[PDB]
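Note: the block below is run.cif and it holds mmCIF, C-alpha atoms and all ligand atoms.
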```
data_start
loop_
_atom_site.label_atom_id
_atom_site.label_comp_id
_atom_site.auth_asym_id
_atom_site.auth_seq_id
_atom_site.Cartn_x
_atom_site.Cartn_y
_atom_site.Cartn_z
CA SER A 140 140.77 -31.72 89.94
CA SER A 141 140.79 -28.91 92.50
CA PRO A 142 140.64 -29.74 96.22
CA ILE A 143 137.06 -28.48 96.49
CA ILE A 144 135.95 -30.58 93.50
CA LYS A 145 137.49 -33.67 95.09
CA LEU A 146 135.64 -32.82 98.30
CA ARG A 147 132.35 -32.63 96.41
CA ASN A 148 133.05 -35.95 94.67
CA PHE A 149 133.94 -37.57 97.98
CA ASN A 150 130.85 -36.30 99.79
CA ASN A 151 128.66 -37.47 96.91
CA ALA A 152 130.29 -40.89 97.18
CA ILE A 153 129.56 -40.90 100.93
CA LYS A 154 125.91 -40.12 100.24
CA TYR A 155 125.59 -42.90 97.66
CA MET A 156 127.17 -45.30 100.14
CA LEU A 157 124.89 -44.14 102.95
CA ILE A 158 121.67 -44.17 100.91
CA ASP A 159 122.26 -47.56 99.37
CA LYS A 160 123.35 -49.13 102.68
CA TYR A 161 120.01 -48.47 104.41
CA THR A 162 117.41 -47.76 101.70
CA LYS A 163 115.43 -50.67 100.28
CA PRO A 164 113.37 -51.12 97.10
CA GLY A 165 109.89 -49.70 97.54
CA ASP A 166 110.90 -47.43 100.42
CA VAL A 167 109.26 -44.07 101.04
CA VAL A 168 112.04 -41.55 101.69
CA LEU A 169 111.61 -38.30 103.62
CA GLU A 170 114.50 -35.99 102.75
CA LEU A 171 114.58 -33.17 105.28
CA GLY A 172 116.62 -30.13 104.35
CA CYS A 173 116.73 -31.49 100.79
CA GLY A 174 118.07 -28.25 99.30
CA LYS A 175 117.84 -28.10 95.52
CA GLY A 176 117.26 -31.87 95.43
CA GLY A 177 120.86 -32.91 94.75
CA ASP A 178 120.26 -36.39 96.19
CA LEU A 179 116.88 -36.95 94.52
CA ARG A 180 118.51 -38.98 91.75
CA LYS A 181 120.70 -41.03 94.11
CA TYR A 182 117.62 -42.94 95.27
CA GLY A 183 116.88 -44.32 91.81
CA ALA A 184 119.32 -47.22 92.04
CA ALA A 185 117.85 -48.06 95.45
CA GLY A 186 114.48 -48.49 93.75
CA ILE A 187 112.40 -46.40 96.14
CA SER A 188 108.70 -45.73 95.59
CA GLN A 189 108.40 -42.12 96.78
CA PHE A 190 110.75 -39.24 97.59
CA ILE A 191 109.44 -36.45 99.81
CA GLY A 192 111.84 -33.51 99.88
CA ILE A 193 111.32 -30.64 102.31
CA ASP A 194 113.42 -27.53 102.65
CA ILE A 195 112.93 -24.17 104.31
CA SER A 196 114.34 -22.31 101.27
CA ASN A 197 111.56 -21.70 98.78
CA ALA A 198 114.20 -20.73 96.21
CA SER A 199 115.92 -24.10 96.60
CA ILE A 200 112.59 -25.93 96.35
CA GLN A 201 111.64 -23.92 93.26
CA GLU A 202 114.98 -24.95 91.75
CA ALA A 203 114.33 -28.54 92.84
CA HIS A 204 111.01 -28.41 90.95
CA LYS A 205 112.69 -26.90 87.89
CA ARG A 206 115.42 -29.54 87.82
CA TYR A 207 112.90 -32.35 88.27
CA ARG A 208 110.68 -30.94 85.51
CA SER A 209 113.45 -31.15 82.90
CA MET A 210 114.11 -34.71 84.07
CA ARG A 211 111.98 -37.50 82.68
CA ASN A 212 109.76 -38.73 85.50
CA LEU A 213 111.65 -41.43 87.39
CA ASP A 214 110.04 -44.66 88.55
CA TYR A 215 109.24 -43.06 91.92
CA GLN A 216 106.91 -40.22 92.80
CA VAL A 217 108.63 -36.99 93.83
CA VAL A 218 107.04 -34.55 96.26
CA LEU A 219 108.87 -31.29 96.94
CA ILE A 220 107.72 -29.04 99.78
CA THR A 221 108.83 -25.67 101.11
CA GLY A 222 108.71 -25.95 104.89
CA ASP A 223 110.55 -25.60 108.17
CA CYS A 224 111.58 -29.13 109.22
CA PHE A 225 113.18 -28.13 112.52
CA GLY A 226 111.33 -25.17 114.03
CA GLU A 227 107.80 -26.37 113.25
CA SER A 228 105.84 -29.61 113.29
CA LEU A 229 106.07 -31.42 109.96
CA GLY A 230 102.27 -31.72 109.82
CA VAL A 231 102.06 -28.08 108.74
CA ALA A 232 104.40 -28.68 105.80
CA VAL A 233 102.93 -31.94 104.49
CA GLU A 234 99.19 -31.35 105.05
CA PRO A 235 98.80 -29.75 101.56
CA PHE A 236 100.49 -32.84 100.05
CA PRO A 237 98.19 -35.81 100.71
CA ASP A 238 100.16 -37.97 98.25
CA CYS A 239 102.84 -38.30 100.96
CA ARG A 240 102.87 -41.88 102.21
CA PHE A 241 103.47 -41.71 105.95
CA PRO A 242 104.74 -43.44 107.98
CA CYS A 243 107.82 -43.65 105.76
CA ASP A 244 110.79 -46.01 105.72
CA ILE A 245 113.71 -43.61 105.57
CA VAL A 246 114.32 -40.14 106.94
CA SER A 247 117.44 -38.54 105.52
CA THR A 248 119.09 -35.34 106.78
CA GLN A 249 122.17 -34.61 104.65
CA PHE A 250 124.38 -31.72 105.80
CA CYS A 251 121.55 -29.94 107.60
CA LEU A 252 120.61 -31.49 110.96
CA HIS A 253 123.18 -29.35 112.75
CA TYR A 254 121.05 -26.29 112.02
CA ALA A 255 118.42 -27.81 114.35
CA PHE A 256 120.81 -27.63 117.30
CA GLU A 257 120.41 -23.85 117.52
CA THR A 258 118.21 -24.50 120.58
CA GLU A 259 117.03 -27.51 122.56
CA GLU A 260 113.49 -26.68 121.43
CA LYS A 261 114.50 -26.89 117.76
CA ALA A 262 116.62 -30.01 118.26
CA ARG A 263 113.74 -31.78 119.98
CA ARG A 264 111.21 -30.58 117.40
CA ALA A 265 113.41 -31.90 114.58
CA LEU A 266 113.95 -35.28 116.21
CA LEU A 267 110.27 -35.64 117.09
CA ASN A 268 109.49 -34.82 113.45
CA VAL A 269 111.89 -37.57 112.36
CA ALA A 270 110.63 -40.15 114.83
CA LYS A 271 106.92 -39.57 114.24
CA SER A 272 107.38 -39.87 110.46
CA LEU A 273 108.93 -43.34 110.56
CA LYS A 274 107.65 -46.87 110.71
CA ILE A 275 108.96 -49.05 113.48
CA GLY A 276 111.94 -50.60 111.72
CA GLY A 277 112.43 -47.46 109.65
CA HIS A 278 115.79 -45.75 109.57
CA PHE A 279 117.00 -42.22 110.12
CA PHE A 280 120.38 -41.49 108.58
CA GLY A 281 122.38 -38.43 107.77
CA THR A 282 125.60 -36.47 107.73
CA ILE A 283 126.72 -33.83 110.25
CA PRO A 284 129.97 -32.30 111.49
CA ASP A 285 131.66 -34.74 113.85
CA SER A 286 131.53 -33.26 117.35
CA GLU A 287 134.53 -35.38 118.31
CA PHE A 288 136.69 -33.81 115.62
CA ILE A 289 135.36 -30.40 116.64
CA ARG A 290 136.21 -31.14 120.27
CA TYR A 291 139.67 -32.38 119.24
CA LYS A 292 140.35 -29.06 117.49
CA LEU A 293 138.76 -26.93 120.23
CA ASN A 294 140.93 -28.70 122.82
CA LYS A 295 144.03 -27.23 121.15
CA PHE A 296 143.20 -23.62 121.97
CA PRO A 297 144.41 -21.96 125.17
CA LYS A 298 141.65 -20.28 127.15
CA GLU A 299 142.89 -16.82 126.07
CA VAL A 300 141.78 -17.21 122.41
CA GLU A 301 138.46 -15.36 122.29
CA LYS A 302 137.15 -16.76 118.99
CA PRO A 303 138.81 -20.11 118.25
CA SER A 304 139.15 -20.61 114.51
CA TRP A 305 140.77 -23.18 112.24
CA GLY A 306 140.59 -24.36 108.65
CA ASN A 307 142.60 -24.72 105.47
CA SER A 308 142.41 -23.61 101.84
CA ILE A 309 138.81 -24.80 101.36
CA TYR A 310 137.07 -24.49 104.73
CA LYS A 311 137.08 -22.49 107.92
CA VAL A 312 135.38 -22.69 111.31
CA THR A 313 135.16 -19.63 113.58
CA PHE A 314 133.59 -20.13 116.98
CA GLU A 315 131.40 -17.40 118.41
CA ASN A 316 133.08 -17.51 121.82
CA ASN A 317 135.58 -19.37 124.01
CA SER A 318 133.04 -20.58 126.56
CA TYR A 319 134.07 -24.18 125.81
CA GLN A 320 137.70 -23.58 126.77
CA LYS A 321 136.76 -21.45 129.77
CA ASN A 322 134.43 -24.28 130.91
CA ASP A 323 137.38 -26.68 131.27
CA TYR A 324 137.05 -27.76 127.63
CA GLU A 325 133.40 -28.80 127.74
CA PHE A 326 130.40 -27.17 126.10
CA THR A 327 128.34 -25.15 128.58
CA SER A 328 125.25 -26.72 126.99
CA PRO A 329 124.60 -29.10 124.07
CA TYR A 330 122.69 -26.46 122.12
CA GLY A 331 123.38 -23.12 120.47
CA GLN A 332 127.15 -23.76 120.36
CA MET A 333 127.64 -21.62 117.31
CA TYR A 334 130.44 -21.32 114.82
CA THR A 335 130.53 -19.68 111.43
CA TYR A 336 131.25 -22.21 108.68
CA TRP A 337 132.93 -21.42 105.38
CA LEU A 338 133.23 -24.00 102.61
CA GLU A 339 134.67 -22.90 99.27
CA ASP A 340 131.85 -22.24 96.77
CA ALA A 341 129.31 -23.90 99.07
CA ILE A 342 128.69 -22.19 102.43
CA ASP A 343 129.46 -18.47 102.65
CA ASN A 344 130.24 -17.96 106.34
CA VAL A 345 126.90 -19.20 107.69
CA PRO A 346 126.38 -19.84 111.42
CA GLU A 347 125.78 -23.44 112.38
CA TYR A 348 125.82 -25.37 115.62
CA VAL A 349 127.79 -28.19 117.15
CA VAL A 350 125.86 -31.44 117.43
CA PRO A 351 127.44 -33.22 120.43
CA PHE A 352 126.80 -36.73 119.27
CA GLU A 353 126.03 -38.03 122.78
CA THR A 354 123.16 -35.53 122.95
CA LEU A 355 121.87 -36.43 119.49
CA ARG A 356 121.98 -40.07 120.58
CA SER A 357 120.29 -39.34 123.91
CA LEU A 358 117.52 -37.30 122.29
CA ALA A 359 117.04 -39.89 119.56
CA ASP A 360 116.67 -42.59 122.22
CA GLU A 361 114.08 -40.50 124.07
CA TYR A 362 112.00 -40.39 120.88
CA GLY A 363 112.30 -44.11 120.19
CA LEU A 364 115.32 -44.19 117.86
CA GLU A 365 118.24 -46.55 118.52
CA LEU A 366 121.74 -45.93 117.15
CA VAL A 367 122.77 -48.41 114.46
CA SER A 368 126.01 -46.81 113.27
CA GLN A 369 128.01 -43.63 113.71
CA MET A 370 131.25 -43.31 111.77
CA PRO A 371 133.44 -40.39 110.64
CA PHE A 372 133.42 -40.08 106.85
CA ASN A 373 136.93 -41.48 106.43
CA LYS A 374 136.08 -44.68 108.32
CA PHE A 375 132.68 -45.04 106.62
CA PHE A 376 134.30 -44.67 103.21
CA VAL A 377 136.92 -47.32 104.04
CA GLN A 378 134.16 -49.65 105.22
CA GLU A 379 131.99 -49.22 102.12
CA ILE A 380 134.45 -48.64 99.26
CA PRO A 381 135.22 -52.37 98.61
CA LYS A 382 131.66 -52.92 97.40
CA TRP A 383 131.54 -49.59 95.53
CA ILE A 384 134.66 -49.68 93.35
CA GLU A 385 132.84 -51.77 90.73
CA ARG A 386 129.71 -49.57 90.89
CA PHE A 387 131.38 -46.22 90.25
CA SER A 388 131.86 -45.19 86.62
CA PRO A 389 135.46 -44.77 85.39
CA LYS A 390 135.27 -40.97 85.78
CA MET A 391 133.77 -41.35 89.26
CA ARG A 392 136.58 -43.73 90.28
CA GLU A 393 139.21 -41.41 88.83
CA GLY A 394 137.78 -38.51 90.83
CA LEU A 395 138.11 -40.57 94.02
CA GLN A 396 141.47 -42.27 93.49
CA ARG A 397 144.72 -41.16 95.09
CA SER A 398 148.14 -41.45 93.48
CA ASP A 399 148.94 -44.38 95.79
CA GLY A 400 146.04 -46.33 94.31
CA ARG A 401 143.78 -46.14 97.33
CA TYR A 402 140.42 -44.41 97.05
CA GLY A 403 139.57 -41.46 99.24
CA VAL A 404 140.81 -37.95 99.87
CA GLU A 405 144.17 -36.42 100.74
CA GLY A 406 145.39 -32.89 101.25
CA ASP A 407 143.03 -30.19 102.48
CA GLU A 408 139.92 -32.09 101.42
CA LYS A 409 140.99 -34.97 103.70
CA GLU A 410 140.35 -32.84 106.78
CA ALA A 411 137.50 -30.76 105.35
CA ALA A 412 135.50 -33.76 104.15
CA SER A 413 136.67 -36.99 105.74
CA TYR A 414 137.58 -35.81 109.26
CA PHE A 415 135.17 -32.94 109.79
CA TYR A 416 132.00 -34.95 109.06
CA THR A 417 130.40 -38.08 110.45
CA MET A 418 127.56 -40.16 109.16
CA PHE A 419 124.97 -41.71 111.42
CA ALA A 420 122.10 -44.14 111.19
CA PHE A 421 119.33 -44.82 113.69
CA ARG A 422 116.50 -47.33 113.62
CA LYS A 423 113.06 -46.59 115.05
CA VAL A 424 112.39 -49.24 117.69
CA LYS A 425 109.32 -47.94 119.50
CA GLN A 426 106.52 -45.46 119.10
CA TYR A 427 107.05 -42.30 121.11
CA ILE A 428 104.10 -41.31 123.27
CA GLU A 429 104.23 -37.79 124.66
CA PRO A 430 104.51 -37.72 128.48
CA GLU A 431 101.21 -37.00 130.26
CA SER A 432 99.33 -37.00 126.94
CA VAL A 433 97.09 -40.00 127.67
CA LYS A 434 93.94 -38.60 129.29
CA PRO A 435 90.83 -40.27 130.74
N1 LIG B 501 114.81 -25.44 109.64
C1 LIG B 501 115.09 -25.94 108.43
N2 LIG B 501 114.15 -26.67 107.81
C2 LIG B 501 114.39 -27.18 106.61
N3 LIG B 501 115.50 -27.07 105.89
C3 LIG B 501 116.42 -26.36 106.52
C4 LIG B 501 116.32 -25.76 107.77
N4 LIG B 501 117.48 -25.10 108.09
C5 LIG B 501 118.26 -25.29 107.06
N5 LIG B 501 117.68 -26.05 106.08
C6 LIG B 501 118.24 -26.43 104.82
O1 LIG B 501 119.37 -27.24 105.02
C7 LIG B 501 120.05 -27.30 103.75
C8 LIG B 501 121.54 -27.45 104.02
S1 LIG B 501 122.47 -27.71 102.50
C9 LIG B 501 122.33 -29.50 102.17
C10 LIG B 501 121.29 -29.72 101.07
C11 LIG B 501 121.10 -31.20 100.69
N6 LIG B 501 120.60 -31.97 101.84
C12 LIG B 501 122.40 -31.78 100.15
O2 LIG B 501 123.00 -32.59 100.90
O3 LIG B 501 122.80 -31.45 99.04
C13 LIG B 501 119.68 -26.02 103.00
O4 LIG B 501 118.94 -26.34 101.85
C14 LIG B 501 118.82 -25.26 104.01
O5 LIG B 501 117.87 -24.44 103.40
#
```
Give the structure from this file in structure tokens form.
Ligand SMILES: Nc1ncnc2c1ncn2[C@@H]1O[C@H](CSCC[C@H](N)C(=O)O)[C@@H](O)[C@H]1O
Amino acid sequence: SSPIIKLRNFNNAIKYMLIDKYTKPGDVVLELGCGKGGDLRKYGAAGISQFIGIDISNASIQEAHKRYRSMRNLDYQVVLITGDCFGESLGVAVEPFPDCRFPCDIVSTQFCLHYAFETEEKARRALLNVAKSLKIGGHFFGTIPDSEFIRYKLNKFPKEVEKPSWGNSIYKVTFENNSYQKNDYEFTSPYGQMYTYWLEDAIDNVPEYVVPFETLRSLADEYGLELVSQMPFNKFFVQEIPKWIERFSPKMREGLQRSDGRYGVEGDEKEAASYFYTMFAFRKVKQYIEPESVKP
């Protein structure tokens, strides 16, 4: 109905499309930054065997527990853990939860990996956490702001603007500084490139960090993860929607359909959801061995 509701419907559609594209029956899923568990139920149709949700917010995990408790137990085991997925090794978080079945098949980071790019140390710790958790042949997928859209918008500001900002009725980005423009329209470093993000009734002016996708790809490769797909939300939706029209309920279709009959978003939610964000998927191709770790 409202632009922000259509954004939420669209992003939920994206997550269904992403999860069901790469997740297989029987998979063990590690959901990092799982929040209140809003995607827990999206794995049911995929037929997974175990969902491990980790989030740094104990309040969100408590709410995840409460929402799961009122649910009848699904066909998969659910493990919900309060823990820092980006600034600490995952072993600390999951050690009290021996039911976790590692190595897993899927690592999912939905709308959260960009918080790991606060520093190189945190970005590397997050990606090592992802890589070490996975089987060879496992997949790492997720959703982050598209650095190429961010660069496109940043490139429009003259160097004199001290705090480049843009948005529309439902979102706003405010960069901490103009170092990008002063640096001939390139980030001075891949990490800690901070902007405050506002999303109506979702994110209340919280700092987050650009994820220059070439750096995410380079780091992933260093830790044994090969890019399978990276697509802005609008192009991913176009690619997947032909197989999903029949799967969505009537109300779900109605909440995704435009007046010209196509499915997707228009208006302010078009930029806020379908341009601002990209999906990605990596496959683990080799086991990372820490440099100089093999001793006599
Ligand atoms: N270092 C960190 N470790 C784990 N979770 C983190 C984190 N930094 C941020 N988060 C979590 O990232 C989440 C972003 S909100 C997205 C929640 C969920 N993945 C969904 O798509 O609905 C929040 O729950 C926040 O607490």
Site check for ligand LIG 501 (chain B): residues at most 8 Å away, all atoms listed in the file, as a list in words: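 So, counting all atoms listed in the file, the residues near ligand LIG 501 (chain B) are residues 170, 171, 172, 173, 174, 175, 176, 177, 178, 193, 194, 195, 196, 199, 221, 222, 223, 224, 225, 226, 227, 248, 249, 250, 251, 252, 254 and 255 of chain A.
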Emit the selected residues as an mmCIF file, in the frame of the given file, including C-alpha atoms.
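Saved as result-v4.cif:
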```
data_model
loop_
_atom_site.group_PDB
_atom_site.id
_atom_site.type_symbol
_atom_site.label_atom_id
_atom_site.label_comp_id
_atom_site.auth_asym_id
_atom_site.auth_seq_id
_atom_site.Cartn_x
_atom_site.Cartn_y
_atom_site.Cartn_z
ATOM 1 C CA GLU A 170 114.500 -35.990 102.750
ATOM 2 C CA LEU A 171 114.580 -33.170 105.280
ATOM 3 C CA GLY A 172 116.620 -30.130 104.350
ATOM 4 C CA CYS A 173 116.730 -31.490 100.790
ATOM 5 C CA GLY A 174 118.070 -28.250 99.300
ATOM 6 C CA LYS A 175 117.840 -28.100 95.520
ATOM 7 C CA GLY A 176 117.260 -31.870 95.430
ATOM 8 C CA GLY A 177 120.860 -32.910 94.750
ATOM 9 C CA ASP A 178 120.260 -36.390 96.190
ATOM 10 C CA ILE A 193 111.320 -30.640 102.310
ATOM 11 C CA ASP A 194 113.420 -27.530 102.650
ATOM 12 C CA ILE A 195 112.930 -24.170 104.310
ATOM 13 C CA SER A 196 114.340 -22.310 101.270
ATOM 14 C CA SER A 199 115.920 -24.100 96.600
ATOM 15 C CA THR A 221 108.830 -25.670 101.110
ATOM 16 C CA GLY A 222 108.710 -25.950 104.890
ATOM 17 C CA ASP A 223 110.550 -25.600 108.170
ATOM 18 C CA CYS A 224 111.580 -29.130 109.220
ATOM 19 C CA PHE A 225 113.180 -28.130 112.520
ATOM 20 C CA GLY A 226 111.330 -25.170 114.030
ATOM 21 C CA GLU A 227 107.800 -26.370 113.250
ATOM 22 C CA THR A 248 119.090 -35.340 106.780
ATOM 23 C CA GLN A 249 122.170 -34.610 104.650
ATOM 24 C CA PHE A 250 124.380 -31.720 105.800
ATOM 25 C CA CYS A 251 121.550 -29.940 107.600
ATOM 26 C CA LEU A 252 120.610 -31.490 110.960
ATOM 27 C CA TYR A 254 121.050 -26.290 112.020
ATOM 28 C CA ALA A 255 118.420 -27.810 114.350
#
```
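Distances to residue A:146 were evaluated for A:300, A:380, A:309, A:350 using all atoms listed in the file, and the minimum falls at A:309.
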Residue among A:422, A:434, A:264, A:208 lying closest to residue A:247, counting only C-alpha atoms: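 Going through A:422, A:434, A:264, A:208 one by one, the smallest distance to residue A:247 is for A:422.
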Between atom CA of residue A:236 and atom CA of residue A:191, distance in Å (one decimal):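 These atoms are spaced 9.7 Å apart.
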Residue A:169 surroundings by only C-alpha atoms, 12 Å radius, close-in-sequence under 3 positions cut, as a ChimeraX atom specification: /A:158,162,166,172-173,176,178-179,182,187-194,216-220,224,229,233,239-249,268-274,277-281
Counting all atoms listed in the file, the option among A:215, A:421, A:414, A:334 closest to residue A:316: A:334
